[PDB]
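Two forms of a single protein chain come next, each set out by itself as C-alpha cells; they are called structure 1 and structure 2.
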Structure 1
C-alpha cells in the first residue's frame, strides 16, 4: 500500500548495477512491464586469519589499503564466525573471519577483483572476491526465484530512457527489496516466433526470409492452460528471397488463404525494422519457439547486426543504441544478455528435451505427434528454389508452413507445461528463471546449495548390466531407479559436513559417518524435498477440484526432479560443489545396491534384461498385463523392504521387446497396446515407401500374439508375395520412390557419377530443364552393363508407361528389402 510492488522475471548487469525486469499492476488491474535498477550492492568477502592473528589485525591492514585502491571514504567490516566444509585443504571447520562489504560500484578500479590467494601475514585466504552481482543480491536478500517483491524508497524520477518497459524505478540499496509470500502471479504475455531462413553460398550467411508472430496476451500459470488456445493476434512478415519484388497477386492470395495478417516488405532490413517495432509494442514477457537458443536467435541477432537495425535491443527489455564491442565462440553470452527481460521458452533445448523423453530427434513435427498426438507432415522449404520468387502459390504454401510451425511450437510448449514446471524448479532452486529455461541442471544444483549453506552460516565455494539382446516374449518392465543416489545420500548421511575426506588427495576413498554424527545439510535438504512431496501427494488423494489437483501434480514433479538432480552437485566434475571422494562413496553404494537388486530379482525367479543407475529392466515371466504389474509391485515392495528409502516405480510396460540396447529397440508398449521403435533408422530417406512398409509389417508380425513358426512363416509368405509382385512389376511406382536434396549445383558435385540423384539431374540439364541447389530429386532405380546411378530415372518419367521404364527387382529386393530386414530379423 505504501511500497512499490513488482513480480520479477529476469535480470541483467550493467555498470556494476543489477536490473530486475518484471510486471506491475495498474489501477485497472492490468499488468505492464517494469524494471528496477538496484544500486548499493556489495560483495561479502571473508578473510581467514592465520593461527596467531585475529580479525581485528586484518581490519587494520587491508581496510586502509582497500579504501585507497577503490577510493572509498569508508568500508563496512566486522568479525563473523563462519563454517567451511568444502574441498580447500588447510581451512578449518569453523573460524572467525573478517566480513568485508565491498561495493560493486567504486570510484576506482571497480572492475578489479580481489584474488583468493592475496599475499598477507594476517590472513591466507579470501572468499567471495569474485562474487556475481545477481548471485549476491539473490543470496543476501533470500530471493527464491520469480516472485512478488516489496520495494521501498523507489525513485520514480531517476531513470530516463533506459528500457522498453512501461515503468522505470531505482533503489539506492538492495535492503530496500524484500520478497512477499503471495503465491499467485500475474498473467504473462507470450509471443511465439517462427523464422524461415535462406542459405547464402557466397558469404555462408543465414539470412531471414520470413517471420511469424503469434501473440497470447493472458497466459496464466495459476490455472491450467486451455488446450488449443487461440492467439489474440497472428502476423507474418516476409521479404522476397531472390529479387526486390514479389510475384503478382500475393497480397490478395494471402488475404484469401492465410490466417492472420501478412505484411510484405521490399527487403530484409525493412522487415527486421518492423519486427523490432512490433516486439516493442507487444512487450512480451516470454518468447516461445523451436530451436531458438542454438539456431534462430543467433541468426536473428547477426542479421540485425549485419543490416544495422537501430532498434535491435527491443528483442530484450534494456535499451541499447550500440552492440557489444566484441560482437567468436562467446556470441551466446552477448545474445543471452541482449535478450534479458524476455524469457526464452525453447521447447527443443536441453530443458525442453528433458520433459519429452519419448522423443528422439525433437523435430517440430515429431514433438507435435508425441506431446499432442496430432500429425503434421513437414514441408521442406528451400528459398534457393526459384519457384518462390515467381510462383505465388508456392510462396503462400511456404508462409502457411511457417504459420503452422509457429502455432505448433506454442501449443507444444503449453502442453508439456514448460513454463510452469521451470518456474517451480526455479522457486525450489532459488536461481533465475532464464537460467532454468536455457541452462543445464548444474545451475539449479548450484543455487539450491548456495541458498541452503549460506542460510546456515556456511561459507560457500567461489565460482551396469549388459542388455540381453533378442526378442523377449514375456512382459518386460522398466523400473525407474532415478531416486537411487538421492536415497543413498540420505540413508547414509553423506554430506560435505559429515564425511571426513583427504582434501590433499581426492582419489582416496572416504567412509560413511557413524550413526552418532548428526544429519548433514545435504541429507537434511533431500529429506525435506521428499517429505514435501508426500505432503502434496496426500493432498491430491483428497483434492476434488481439478485445477488445484493439476497444480499439485506440477509441484509434485518439480520436487521429484529437484531431488533426483542433487547428485550432480557433488558428481559433476565442473560443479561448484564437486567432491570426488563423495561421488565415489555414492557410486560404490550404487553398485552394491544394483548388484543386490539383481539377486533380489532372481530370488523372485525374475531375469534382469538390462540395468543401470537410472533404470532396471526385468522380465516378469508373464504373458498377461495384470500378472505383470503384480510382479512389478512385488519387486517394488521387495526392493523397498531391503532399502526403506529406495522407492522404485514401473516406468514402461513392454508386451513384447526386441532389444539391442537401452535406446535401440522395438517393442509393444502399454498405456491400449502400441508399437514403439527407438534408435533404429526406420524413417530413413535412403529407403523407399515399399521398404518402409515391409519393415513395419515384418515387425508387427514378429511382435504379434502368435507362435514363432506360424508367424515367421507369415513373414516368408509375405516376402515371397512381395518378391513376385516386384518381379512382375505389379506395385505402384510411387512405392519405389527415393528422395535426395541437392545442397549445390549438380555440376558442382565431385563424384556425381556415383550419386543417382546427381545423374538424374544432369540428365534433365542436358535435355533442357533447369535444376539448381535446393531441388529435391525423386527417382527410381530402373531395370536395364549400366551402373545403379546411370539406371536411376526421375519418378514422373518412370510413371509414364510408354517410356518403357520398370523398377529394377535386383536393387530393390536386395538393397531396399533384404538388407533392412536382415538387420531387423536376426534373432
Structure 2
C-alpha cells in the first residue's frame, strides 16, 4: 500500500498525474507523483422507446472496438435519472454504461458526439468528459486529502517529475480516499521579485529574487504570528553593468539577513533560481501579485533567456516549452504558466481570492495589506533600478535588496495571518474540485463540482460541458446590510431544484411555478440545508469554545460554509454555467424581488430610508449620528427581516459614519473599524470614482482623496467647502508654476488591441504615444500599458511617454490647462455635484 496526501494534478498524454506528499518510515514527508492509467470516460447510452441496454451493447460495442482498436470494452446496464435542460430525455431510464478508456491505440483524440442517433439509443452522456473530472467523480475524491494507493509501480516511471518519488498505477480503482482529517506539513516558499523596465523592448527584466523558506507549515494547527523562516536567500544581478562593485558581498553579509548570492547576468541568476527551487521542492509558492504580474514575468524571462531547467517552477519535468508559448496571446500564455506550475500551489495574497479575505483593504498594495492585517507599519521604498545610483552605490543597492527581503517576509506573514491556505482548502473539500482552482479565483469552478458530486452520488446523469440610489451626501450613519444569502434561502424555502421544478425545456423563457408542498425535498435544496445546519453546529460550538486556536479555526470553517452556500445560485443563474437553467434563475429572481420589496417596506416601516439596494446588499440610513444608536437600529432591522423570512439571515456588513453616494457602485464613505478594545476608528473607502481609474493621475487621486476627507469631515459644511476651495487655489498655483513632481502627472492606459489597429486612435493620446515609440525604436505590442504625460497643437499630439518626459533636459513640462481642467476640475465637479452650497463658479474661478 502507498499513502499520499494529494495537493494538485495535471493532464498529459491522456493520463492523469497527481502531485502530493508521502510519509516515509521516519515519518518524513517528501514530494511524489502518481501517474494514473486505465482511466475511462463513463458514457451513458439512452435507449429508444422499446429498447434495452443489451440492444445498444450489441450494436455500438463492436463498432467501438474497431474505431478505437480495443480487444474488449467493459460495459453494463445501469439505471440512471436525468432532470436537466435537455428536452425529450426522460426522468429515469435504463442506460448502457460504456467504460471507454482515454488511452486508445487508435483515434484517442476523437470524441463521440452527444447526438449519436441509432435505432437502439438516441443520446449519449459523458462523451467529452475531462480526465481529472472523471477520476475525481468516479472515485468520490473531495479535494485535497489522504489517498490509499495500492499496486504502485516504483520501477515504471523514471525522470518524469521534480519529485522525490515517482510511481504509476495500472488502474484508477487502485486509489481510494481515506477519512483522515489531518494533513501533512507543507513546504512553503515566499517569493519576492524586483524587476527593471527596458524601454527598448518594453520588457520587464528581473534584477533580484528573494526566497524565504518555511518548511513546516501545519494547517492542522494555527500558524504562530511573525513565524521565523528556516532559510532566507537573495539572488541578484547587476541592473546596469556586467559586474557589481567590490565589497558588496562583504557589506551584504554585514547588513542583510540570510544568504546573498551575486551573479554576472540575469541568465545565471535564473538558472541558479531553478536549481534552488528544485532542491527546496516547496508544496506552496507564496507571493504578492504572482498570478498576473510577477509569475508571468518570471516565466517569460526563463523563456527569453532559454533557461533549460525552467520546469522546476512546477513539479512536472519538461524539456521544451509549449509550442504556442509566446505567441503574443496574453490570454493563452496564462494557461501555459499555470499548467507548468502544476504540482506546486500558488498562494497569491493579492489575487481575486486573496482580496476577498481582506475587504478592509482598498489598494491591496503589499504595505497596505501588511498594515491592515497585522497592524504593523512599513514604508514602501520605490526602487527604480534604471536610476544610475544603483550601478556604483553599494549602499543604494543594499537598501533596495533589503526592501525586497522585507517584502518577501511580509507576503508570507500576511498569507498566514489571513489564513488563505486553510480557507481555500476547506472550500475545495466542500466543492470537491482542485485546490489549485480555488487558490486561483474562478466562478464556474467550485460551483460546478459541488453539483457534479452531489448529483453523481445520487445516481443522476450530469450535463456535458434594485433600488435607484439616493445621490448625495449622507450625514447620518449608513449601514450596509448583506443579502448574499438571499438566493440560497429562497432555493431552500421554496424547494427549488432541477428535480422539483416542472419547467418547459423547449421554451427556457417560460416562467415555471414553484413546486407544491407535496413534492419531496429536492437535491439542490437538501444540499443547501446540510450546509446551513453544519454552519449552525459550528457557531454553537463557538459560543462555548474557549481555546483561541480552536475558536479561530471554527470561524474559518463557518466562513467556508457560508461562501459555498452563497455561490450555489451562480450554478443555475449565470448563463455560461454547466448547470444553467433560465426558468430556475427567473423563478428565484422574482421571489427575490418580492422579498426585497417587502424589505423596502420594512425599512420604511422603521422610518429608515433605503439609500441604495440590490440583490447582494441594501444600504440603509439609520438617521443616527452615533455608532451605538446606529448599531441598535441595524440589529432591529436584521431581526425584523428574519421574522418575515425565517430562513433569510441578513447581517451588518459595513458601517459608514458618512456616505457620499454618486451612483450604483460609485461612492466615497467613512467606514468604522472597531479594534480589539472596542475602540472605534474611521477610514476612507472609495468605489467606482474617477479617483480609481487608470486614466486619472496620482495628482488627481491626491486631490480627490483630500477633498473627500474634508467633505466627509464632521466640521461645519461651509467651512468644509471653503477649505476645499482654499485647497484647490493652492494646488492651482503649484501646477501653473510646475512645482509638483512629474511622476504625479502620469496617466496609464491599456491597449487591448495593436496600437495600429484603432479607428479613432488619432485622437487617443495613449495610441499616439505608442506609435511614436515604434518609430523611435521602442517595442510596443497589444496588451501593453502606456504611461504618458500631456505636455505644453493638439492634446493627443502633446502627449509623450512618461520616461521621455522624466528627462529634465527635454524641456517637456506638463500642460497646466489640461491637468487643472480635465484632471482636477471635472473630477471635483462630479464629486461635489450634489452637495449643498456647492458652486461650480467658485471652483472654476479657483482654477480658471
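Positions refer to the first chain, counted from 1. Here, rigid core means the biggest group of C-alpha atoms that superpose within 1.5 Å across both forms.
K.L.:
Would you mind telling me which residue of 134, 492, 749, 265 shifts its Cα by 2 Å or more between structures 1 and 2 when the core is superposed?
P.N.:
Among the listed residues, the one whose C-alpha moves by 2 Å or more is 749.
K.L.:
After superposition on the rigid core, does the Cα atom of residue 222 shift by at least 2 Å between structures 1 and 2?
P.N.:
No; that C-alpha moves by less than 2 Å between structures 1 and 2.
K.L.:
Does residue 24 move its CA by 2 angstroms or more between structures 1 and 2 when the core is aligned?
P.N.:
After core superposition, the C-alpha of residue 24 moves less than 2 Å between structures 1 and 2.
K.L.:
Comparing between structures 1 and 2 on the rigid core, is the C-alpha shift at residue 541 2 Å or larger?
P.N.:
Residue 541 C-alpha, core-superposed: shift of 2 Å or more.
K.L.:
What's the distance in angstrom the Cα of residue 705 travels between structures 1 and 2, core superposed?
P.N.:
Its C-alpha moves by 7.7 Å once the cores are overlaid.
K.L.:
After aligning on the rigid core, report the distance the C-alpha of residue 794 travels between structures 1 and 2, in angstrom.
P.N.:
Rounded to one decimal, the shift is 20.6 Å.
K.L.:
Could you tell me how many Å the Cα atom of residue 66 shifts between structures 1 and 2 when the rigid core is held superposed?
P.N.:
Between its two positions, the C-alpha of residue 66 lies 1.3 Å apart after core fitting.
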